[PDB]
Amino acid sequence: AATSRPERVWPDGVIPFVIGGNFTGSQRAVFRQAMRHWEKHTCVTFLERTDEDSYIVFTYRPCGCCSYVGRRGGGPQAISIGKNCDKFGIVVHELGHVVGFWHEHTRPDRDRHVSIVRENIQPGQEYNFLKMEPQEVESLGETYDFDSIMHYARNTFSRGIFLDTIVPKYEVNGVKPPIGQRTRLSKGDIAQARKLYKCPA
């Protein structure tokens, strides 16, 4: 679900950042690990902010919606970390939003790939599952990525742990593909990010 908006691509892949106070050294290490992970697989770079108008601010706040997707023009944007959403994989995901990705399951073509089980969604949270409008996403010729760091789990925003809100429609290597990994950038995330930022081969 890569943004179609050219203004939302960070020029030259350069993303200035500020780490807010109140973070422990341990937490700051995770932020650096997450940023270096992006840097090591793509041409995106993170720079300590000096006088740039647009930059990201690691902010210590309760977990939940919402992040700005891509570069916000004319002011900073928060990347929010809380007690229960501070691990490497979650920060990598949030940096996915920063660079310009919406949630994978909201791709305009997602109905070919997953079913949404509406009756299992937490009332009021259905907006989490609405497709991006077709003009808001340019997938850059890349197929739907079940392994994406940006993909929800099977039971995200569900009425219960054992009730699925998202069910892949078909088998890959004999089984329905697992979704919602928060280990690392997928092969798909990297290929697509490289296209989005026009990274040198």
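Numbers follow the displayed sequence, beginning with 1. Rigid core (definition): largest C-alpha set, two forms, superposition within 1.5 Å.
### Query
Say the other structures are aligned on the rigid core; which stretch then has the higher CA RMS in 7 other deposited structures of this protein, 143-151 or 157-165?
Stretch with the higher C-alpha RMS distance in 7 other deposited structures of this protein: 157-165.
#### Entry: 121-129 against 82-90 - segment lying farther from this form in 7 other deposited structures of this protein (CA RMS, rigid core fit)
With the rigid core fitted, 121-129 is the stretch that strays more in 7 other deposited structures of this protein.
### Query
On average, are the C-alpha B-factors higher in 60-68 or in 169-177?
So the stretch with the higher mean C-alpha B-factor is 60-68.
### Message
Quick check on the record: does 123-131 or 92-100 carry the larger mean Cα temperature factor?
### Response
If you average the C-alpha B-factors of 92-100 and of 123-131, the larger mean comes out for 123-131.
### Query
Of the choices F162, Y152, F157, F146, which one's C-alpha carries the largest B-factor in the record?
Checking the PDB record, the top C-alpha B-factor among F162, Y152, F157, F146 is at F162.
### Entry-reported Cα temperature factor of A34, expressed as the chain third it lands in
For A34, the deposited C-alpha B-factor lands in the lowest third.
### Task
Grab the CA temperature factor for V114 from the record and place it in the lowest, middle or highest third of its chain.
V114: CA B-factor falls in the lowest third of its chain.
### Query
How does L196 rank on Cα B-factor within its chain, lowest, middle or highest third?
It falls in the middle third of the chain.
### Task
Could you look up the Cα B-factor of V137 in the entry and say which third of the chain it sits in: lowest, middle or highest?
Lowest third, going by the recorded CA B-factors of the chain.
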